[PDB]
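**Student:** Residue numbers (the authors' numbering), protein chains in the order written: chain B, 14 to 502; chain A, 14 to 452; chain F, 14 to 519; chain C, 453 to 501.
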Amino acid sequence: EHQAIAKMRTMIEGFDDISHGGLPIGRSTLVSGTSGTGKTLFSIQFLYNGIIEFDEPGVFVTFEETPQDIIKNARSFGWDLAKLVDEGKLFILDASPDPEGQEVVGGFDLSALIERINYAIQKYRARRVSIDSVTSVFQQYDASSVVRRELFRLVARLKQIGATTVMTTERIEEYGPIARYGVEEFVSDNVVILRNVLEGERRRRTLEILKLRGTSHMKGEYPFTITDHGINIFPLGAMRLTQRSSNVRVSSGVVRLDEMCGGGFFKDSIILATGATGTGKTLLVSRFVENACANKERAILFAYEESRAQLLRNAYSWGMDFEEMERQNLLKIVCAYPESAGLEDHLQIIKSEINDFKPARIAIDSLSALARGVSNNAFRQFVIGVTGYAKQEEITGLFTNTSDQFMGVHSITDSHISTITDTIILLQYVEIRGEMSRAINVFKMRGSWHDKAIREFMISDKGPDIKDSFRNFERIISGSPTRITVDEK
Amino acid sequence: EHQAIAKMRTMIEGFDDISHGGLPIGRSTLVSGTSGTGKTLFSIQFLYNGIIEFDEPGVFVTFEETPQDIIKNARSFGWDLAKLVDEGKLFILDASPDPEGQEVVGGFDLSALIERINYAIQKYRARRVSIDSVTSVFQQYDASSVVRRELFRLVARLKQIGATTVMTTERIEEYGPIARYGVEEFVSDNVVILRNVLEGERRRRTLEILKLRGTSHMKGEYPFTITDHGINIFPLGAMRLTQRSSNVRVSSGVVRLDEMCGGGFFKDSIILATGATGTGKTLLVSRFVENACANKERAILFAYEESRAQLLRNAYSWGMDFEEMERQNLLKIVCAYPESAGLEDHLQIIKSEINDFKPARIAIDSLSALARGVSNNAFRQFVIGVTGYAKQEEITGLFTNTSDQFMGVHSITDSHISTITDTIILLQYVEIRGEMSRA
Amino acid sequence: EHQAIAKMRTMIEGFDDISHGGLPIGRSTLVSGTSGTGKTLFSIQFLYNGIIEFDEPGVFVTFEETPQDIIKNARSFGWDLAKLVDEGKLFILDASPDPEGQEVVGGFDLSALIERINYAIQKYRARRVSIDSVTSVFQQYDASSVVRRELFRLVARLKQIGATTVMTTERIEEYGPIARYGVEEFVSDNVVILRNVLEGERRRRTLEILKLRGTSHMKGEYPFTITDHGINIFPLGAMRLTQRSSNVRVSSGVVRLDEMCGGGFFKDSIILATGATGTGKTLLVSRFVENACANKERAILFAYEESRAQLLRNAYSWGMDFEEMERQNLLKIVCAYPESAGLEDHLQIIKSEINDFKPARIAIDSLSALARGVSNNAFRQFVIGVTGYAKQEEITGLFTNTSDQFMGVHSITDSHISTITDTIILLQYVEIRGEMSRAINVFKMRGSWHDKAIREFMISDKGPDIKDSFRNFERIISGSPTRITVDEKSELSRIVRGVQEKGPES
Amino acid sequence: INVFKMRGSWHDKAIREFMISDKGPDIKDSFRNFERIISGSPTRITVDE
Ligand SMILES: Nc1ncnc2c1ncn2[C@@H]1O[C@H](COP(=O)(O)OP(=O)(O)OP(=O)(O)O)[C@@H](O)[C@H]1O
Ligand SMILES: Nc1ncnc2c1ncn2[C@@H]1O[C@H](COP(=O)(O)OP(=O)(O)OP(=O)(O)O)[C@@H](O)[C@H]1O
Ligand SMILES: Nc1ncnc2c1ncn2[C@@H]1O[C@H](COP(=O)(O)OP(=O)(O)OP(=O)(O)O)[C@@H](O)[C@H]1O
Ligand SMILES: Nc1ncnc2c1ncn2[C@@H]1O[C@H](COP(=O)(O)OP(=O)(O)OP(=O)(O)O)[C@@H](O)[C@H]1O
Ligand SMILES: Nc1ncnc2c1ncn2[C@@H]1O[C@H](COP(=O)(O)OP(=O)(O)OP(=O)(O)O)[C@@H](O)[C@H]1O
Ligand SMILES: Nc1ncnc2c1ncn2[C@@H]1O[C@H](COP(=O)(O)OP(=O)(O)OP(=O)(O)O)[C@@H](O)[C@H]1O
Ligand SMILES: [Mg+2]
Ligand SMILES: [Mg+2]
Ligand SMILES: [Mg+2]
Ligand SMILES: [Mg+2]
């Protein structure tokens with residue numbers, strides 16, 4: 014073999030994209046992380062995916078967890094390990110000590126274990142082997158200096174066999190040493206780090222590939238999620254800038270708005286409805302949703318502000334009946350607090366809900382509600398995730414944002430999302446004669462002509478009614494206009 | 014000789030500029046860094062470049078990675094070491110232990126290793142040696158004081174042979190000790206630190222020369238990128254302020270704009286199109302791109318906001334046909350998210366895309382898109398890289414920035430790039446009679 | 014001098030000011046620092062300067078570097094140690110271990126080293142000793158308690174001999190302990206700390222004198238630079254406020270501006286040109302540089318924004334020919350990125366270029382370009398350096414600053430430099446009838462009267478033309494004024510109908 | 453006093469002044485002849501003939 018490094022696909026969702034193909038074949042891959050990061054899972058899912066997708070038998074070496082529990086715990090993700098053992102596709106090599114025993118057994122077992130490991134490889138014709146918690150065997154009476162030789166023996170032997178290995182290491186500090194003894198990092202050909210970062214009393218699971226000897230990869234951390242389908246990574250940097258874009262138009266739910274946008278929203282576009290509290294962003298959202306059900310198309314409303322009941326109330330008061338929308342299976346509501354999870358989880362819940370309802374339109378009520386507490390950089394990453402996903406899925410997306418300050422209108426978005434979105438719908442309060450009047454304005458459309466006027470609009474039982482602009486007024490954007498009055502030419 | 018210290022060129026892109034000539038001849042250089050920094054490559058690339066560029070034979074001493082893998086991993090960059098081994102230009106000295114190890118090697122083995130090296134040096138008439146992972150050999154049962162003498166023995170003996178060496182050392186912290194035992198720094202004549210700094214969930218690789226005993230060098234960290242062409246360093250502080258300038262004018266695509274600029278943009282100038290969102294910077298950029306193809310000149314549009322298709326849609330709706338420009342091979346669109354890489358990588362992608370297309374014009378849509386999350390200093394440093402490169406490459410550059418606040422701009426670029434910009438085109442909204450008109 | 018301890022001059026640029034006279038004679042000074050800080054150089058340059066300037070023989074004790082390398086490495090600074098060794102003025106004491114050595118030696122050798130040094134001192138009649146990397150000798154198997162007794166033995170004996178010694182020690186952390194074993198700091202009479210502080214991916218070298226038993230010294234860190242001339246320190250706090258000041262006036266290149274300054278800029282003064290980008294600060298600088306060469310005086314233009322060629326282009330577009338100025342050897346352009354080095358380095362390059370050209374005028378385009386990324390406190394320190402240096406050298410200096418916000422900027426300078434400068438030139442944009450017109454104003458001048466009017470100015474091929482002020486206007490400084498009209502039709506030049514031509518033939 | 457928003461109701465859009473006395477809070481009339489009331493320091497009209 015006088016070619017480059019051939020990789021084996023792990024079929025772990027997102028991992029093969031960061032690893033540019035997957036783990037290098039015939040080499041050892043070190044997966045380190047703190048307690049509860051998902052190290053044991055990553056090893057299990059590695060062998061399972063190789064069996065079910067490629068018929069490549071696997072050997073699982075455990076040093077602490079009993080084989081009974083390993084199968085037991087795996088049933089969470091709905092995969093029977095006991096079946097693959099019966100089929101001889103998987104062999105859980107019990108290397109865990111018994112409650113009784115003796116000491117002064119340093120590298121005595123290590124030599125014996127290699128023969129036990131190589132045994133299962135030749136016999137089961139194994140191509141993949143995952144060794145869980147290799148550290149736990151040195152946790153007898155050893156130093157860094159001693160661990161290095163025992164590890165290099167195992168790694169070198171496994172490379173000779175021609176088997177692709179995954180090794181699990183346990184950590185104490187999230188950003189300290191990659192491995193316990195500060196040695197494992199340099200013994201392994203490849204380094205993978207599982208992190209469970211705290212910050213803000215929340216948790217964010219991240220995966221990083223520190224190195225893969227002989228190849229390239231994506232540098233940096235990438236957020237993943239442990240679900241009922243195992244590890245799920247979102248390479249939000251791997252998503253390419255090649256989204257489909259057409260000139261197909263769609264109604265906004267408001268006919269006058271469709272005229273103001275030069276014929277309606279683009280089907281392949283992202284719409285932003287920004288305004289102060291009480292302006293009526295949720296109204297446009299509701300209106301935008303009904304129009305999808307008028308053409309008998311599916312759409313999803315992601316609410317993070319109001320409950321499921323209160324949404325029905327405010328909508329019915331606007332005439333539109335959301336009760337019928339759910340019965341006809343054309344509209345699906347979710348409703349969940351932003352504090353209920355992390356942005357990595359919400360991004361998945363959205364993506365998951367989309368594939369199970371194949372929407373043609375989507376409306377997330379308040380992005381600003383999701384930016385609550387979360388850093389701007391982590392939030393901006395969430396936007397690109399949802400935006401790009403719906404963009405390449407031909408789904409028209411309407412997003413809601415509440416500007417922190419009303420009147421004066423300093424910048425559309427405080428978190429600066431106005432450069433990511435395609436169409437900007439601006440709502441604002443206008444102080445006219447002691448009254449808080451509203452004003453709608455299509456701030457921009459990348460492909461359409463759109464109206465330039467700042468038109469007022471009232472709200473009633475019928476819904477939004479757009480009226481005339483403030484032609485005879487000055488400083489309208491400021492929120493506190495000034496009628497100059499034409500005296501008179 | 015009775016003069017200054019002679020250096021040996023490494024031919025590594027950027028390094029020889031930083032080391033002011035290359036690695037000093039007859040001395041060992043310590044290249045330390047955490048896991049995945051590119052030490053092994055730096056050692057390999059040091060020997061390879063010596064053979065291919067100077068016909069200087071090399072000896073590679075490995076202490077952990079098996080010799081088969083060294084050649085195997087090298088194939089990624091597209092260079093066959095096995096041929097160099099067969100030609101006797103390169104000798105891979107396997108010093109790695111056997112899977113059936115034994116005990117006590119800290120006296121006869123150091124002499125043995127030197128003997129094997131010296132024999133290898135004399136046999137192949139070698140001029141360069143790279144010893145990979147010297148830390149691994151002390152990892153048996155040694156202390157800092159014991160490591161100091163073993164290194165001092167290793168360095169000095171090699172110094173007598175007259176061999177210019179590169180030594181690889183591993184760390185634990187990125188900004189902690191330079192080496193593992195906190196001793197290797199003062200034993201070596203020259204120190205080089207490879208850093209893989211995290212920050213913001215991204216990784217930035219930097220190169221620093223701590224000291225070159227007897228000579229000068231560039232001080233500080235310098236960002237490098239490991240690609241399919243090996244380590245590529247960008248000494249952004251080395252490039253000189255000697256950019257070429259002429260009175261030649263070029264069209265903007267907008268005839269009336271060319272009148273507003275006194276006859277059009279200069280060819281050797283940096284144009285800045287700033288304004289709030291919706292003002293129409295992409296429009297001016299597109300119109301700037303089309304005019305390049307109208308005069309049958311090549312140009313590159315670096316887009317980081319809109320997709321390739323949406324760019325086509327909006328352009329065609331503006332009349333101009335981007336599709337025809339791609340067929341005639343005068344216009345090339347890249348399109349990539351800012352979060353797809355780091356600024357050290359984006360700078361390279363730009364530079365790489367330029368040399369493969371030799372453009373006459375260049376437009377990067379939304380610099381503010383790249384300024385997402387990244388610190389101000391790292392962004393300004395990235396600007397200098399792209400700005401200075403296009404100026405010296407005779408390429409007219411139009412850049413785009415979206416001011417965070419509409420109406421009340423108060424500042425061209427709030428990131429303050431305009432100070433390094435020659436021509437500024439400003440766009441803004443103006444409230445006229447209840448209507449949003451541009452200016 | 015009013016100090017209890019007699020000191021010995023190191024002749025290192027700046028150190029004798031920080032140590033208030035040099036190193037105390039008969040005592041030991043500990044110079045410690047991390048790797049590559051310049052420890053060995055300081056000890057080498059300490060012996061060299063003693064030989065060249067005072068014919069004081071020196072003994073160099075090396076514990077790791079080979080004697081041939083000491084001589085080899087010193088040639089970089091243009092120092093022929095091989096000659097000095099041959100002349101018996103310098104003796105390199107090799108105490109370095111063996112590539113084929115045993116183990117265990119750090120006790121009787123310490124007593125033997127005493128007998129070696131005392132032999133070298135007596136034979137060579139040495140007055141200066143440098144023991145480089147004394148730490149490496151305890152780097153065999155020793156602890157802090159063992160170090161204290163062995164150092165004290167070495168130091169005390171050297172003090173008895175009457176030798177002024179410099180001891181080099183290595184560190185791990187830049188701001189942590191002073192030395193490795195945390196013991197050397199209290200055994201020595203004097204402690205000098207060399208630092209290679211990182212911060213912002215750049216490297217800034219500082220020298221600090223922690224203590225001098227028996228005397229005073231300049232407290233705190235002071236930036237130094239290693240060049241082809243060795244260590245160069247900038248005691249930016251030792252620079253006294255005693256510069257010469259005259260009433261002499263010089264032209265600014267712009268005649269109308271000279272009127273606005275009551276007779277032109279002062280010779281011994283600092284000029285600050287402020288304004289938003291595009292106003293024309295670079296223009297005034299060019300005119301300030303041309304007028305010096307037009308009167309046959311030398312001047313240097315320090316540019317940090319534009320290239321050397323673009324400066325030539327834009328100047329020629331303003332008429333003035335910079336090419337001829339370089340030919341006549343009256344004008345010198347530097348041009349360098351602020352990111353190309355640190356403030357300590359830039360400050361030296363500027364100081365160096367001045368001494369190599371002896372200008373009568375100096376001009377630094379965009380100080381705000383040097384304030385990029387650098388903390389305000391470090392930038393201010395740089396400004397004081399250049400400003401103070403130019404002031405005591407009778408060099409007229411014109412500085413440029415670009416306000417980050419245009420039209421309505423509430424301050425002259427964001428870094429608050431307006432109190433260090435003597436004369437402030439203000440440029441700004443004025444929104445008049447949908448047009449961006451410029452305006453110039455002499456904000457302050459220390460010794461003169463100067464014009465108080467905010468006159469607008471146009472820029473053409475001929476250069477800057479100063480016209481009249483916006484008398485019939487309010488809120489000028491705001492950038493977008495409000496037109497009130499009490500007159501404007503009032504005289505000046507009435508008489509309607511026919512009062513002009515355009516035109517004929519010539 | 454001003455009801456800035458109500459999710460399920462119509463609510464007054466007027467910024468009406470309100471007095472406080474021994475009897476409690478009493479809401480009165482709006483500042484119709486005033487601009488920039490939200491600013492805090494409004495500008496009157498003319499109250500001419
Ligand atoms: N069905 C599931 N849904 C969601 N999360 C799950 C599910 N099953 C397991 N997990 C998560 O996986 C984590 C455990 O992962 P696993 O035990 O495979 O690796 P690990 O915890 O890193 O190994 P170790 O226990 O040795 O540290 C638990 O903290 C749990 O939160
Ligand atoms: N039945 C109704 N009749 C008249 N106006 C109504 C009615 N219901 C709601 N409104 C108006 O709508 C405004 C609320 O807007 P909406 O409920 O569309 O969401 P929103 O204001 O964007 O949400 P939030 O302010 O909670 O972020 C209120 O200020 C109110 O004036
Ligand atoms: N073809 C390639 N393209 C891009 N990057 C590569 C390529 N090959 C290797 N790399 C990068 O180089 C890094 C490995 O560097 P190298 O193995 O030379 O030294 P090191 O990792 O510092 O040493 P060690 O592996 O002993 O810790 C990998 O993390 C990988 O990201
Ligand atoms: N077909 C069209 N007809 C009229 N106006 C258009 C058309 N397409 C786009 N526009 C105008 O151009 C503006 C968008 O400008 P452009 O597409 O050049 O990018 P930009 O606004 O500079 O950047 P960003 O896309 O980040 O907002 C919109 O506000 C819109 O008013
Ligand atoms: N001609 C020169 N110009 C600029 N810098 C130089 C020159 N010669 C040497 N240097 C600098 O001097 C530094 C080394 O200083 P020196 O060896 O004197 O002390 P040190 O490195 O602290 O000692 P040690 O190596 O024992 O720690 C190098 O980092 C190098 O950059
Ligand atoms: N040949 C010329 N004719 C007319 N006006 C000119 C000419 N050259 C420059 N200008 C005017 O001068 C202004 C630029 O000023 P200058 O370059 O002197 O300093 P500056 O703008 O402060 O520098 P910076 O570009 O760093 O802001 C431009 O706005 C331009 O209108
Ligand atoms: Mg709402
Ligand atoms: Mg657009
Ligand atoms: Mg655009
Ligand atoms: Mg300038």
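All residues carry an ideal CB built from backbone N, CA and C; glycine is no exception.
For the beta strand (DSSP E) that contains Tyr317/B, what are its first and last residues?
**Tutor:** First-last for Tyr317/B: undefined, no H or E at that position.
**Student:** Ends of the alpha helix (DSSP H) at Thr295/B?
**Tutor:** 294-307
**Student:** Would the C-beta of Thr295/A count as close to ligand 9, meaning under 7 angstroms from any of its heavy atoms?
**Tutor:** At a cut-off of 7 angstroms, the beta-carbon of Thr295/A counts as near ligand 9: some heavy atom of the ligand is closer than that.
**Student:** Do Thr240/F and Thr413/F count as a contact pair if the criterion is CB distance below 8 angstroms?
**Tutor:** Here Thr413/F is not near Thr240/F, since their CB atoms are 8 angstroms or more apart.
**Student:** Taking the alpha helix (DSSP H) that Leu285/A falls in, what are its first and last residues?
**Tutor:** From DSSP, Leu285/A is part of no alpha helix (DSSP H) but of the beta strand (DSSP E) over 283-288.
**Student:** Using a Cβ-Cβ cut-off of 8 angstroms, state whether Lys465/C counts as contacting chain B.
**Tutor:** yes
**Student:** On the DSSP bridge list, what partners appear for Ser41/A?
**Tutor:** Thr178/A
**Student:** Does the pairing of the region 323-331 of chain B with the region 352-367 of chain B give three or more beta-carbon distances under 8 angstroms?
**Tutor:** no
**Student:** Quick one: Cα of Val210/F to Cα of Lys232/F, how far?
**Tutor:** Straight through space, the alpha carbons of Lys232/F and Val210/F are spaced by roughly 18 angstroms.
**Student:** Shortest alpha-carbon distance to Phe470/F belongs to which of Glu487/F, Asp478/F, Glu14/F?
**Tutor:** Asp478/F
**Student:** What I want to know is whether the C-beta of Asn414/F ends up closer than 7 angstroms to one or more non-hydrogen atoms of ligand 6.
**Tutor:** no
**Student:** Could you work out which residue in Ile408/B, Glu100/B, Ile244/B is closest to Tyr137/B when comparing CA atoms only?
**Tutor:** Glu100/B
**Student:** For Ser124/F and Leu171/F, I'd like the C-alpha separation in whole angstroms.
**Tutor:** 12 angstroms
**Student:** Please check the pair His242/B and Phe90/B, which I expect to be a contact at CB under 8 angstroms, by giving their CB distance rounded to whole angstroms.
**Tutor:** 6 angstroms
**Student:** Decide if the region 205-220 of chain A is in contact with the region 67-76 of chain A; the criterion is three or more beta carbon pairs, one per stretch, under 8 angstroms apart.
**Tutor:** no
**Student:** Let me check you understand the geometry: is the CB of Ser330/B closer than 7 angstroms to at least one non-hydrogen atom of ligand 2?
**Tutor:** yes
**Student:** Across which residues does DSSP place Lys224/B in a beta bridge pair?
**Tutor:** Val204/B
**Student:** Is there at least one Cβ from chain F nearer than 8 angstroms to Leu254/A's Cβ?
**Tutor:** yes
**Student:** Are the region 424-435 of chain A and the region 409-423 of chain F touching by the rule of at least three beta carbon pairs closer than 8 angstroms?
**Tutor:** yes
**Student:** Taking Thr240/F as part of the beta strand (DSSP E), name the residues at either end of that continuous run.
**Tutor:** It spans 234-240 - the beta strand (DSSP E) in which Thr240/F sits, taken as one unbroken run.
**Student:** Across which residues does DSSP place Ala452/F in a beta bridge pair?
**Tutor:** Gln441/F, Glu469/F
**Student:** Between the alpha carbons of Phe456/C and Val399/B, how many angstroms are there, rounded?
**Tutor:** 32 angstroms
**Student:** Going by C-alpha to C-alpha distance, which of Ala312/B, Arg184/B, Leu297/B sits closest to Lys475/B?
**Tutor:** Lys475/B has its Cα closest to that of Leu297/B, out of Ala312/B, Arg184/B, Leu297/B.
**Student:** Measuring CA to CA, which of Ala349/B, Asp369/B, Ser56/B is closest to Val179/B?
**Tutor:** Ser56/B
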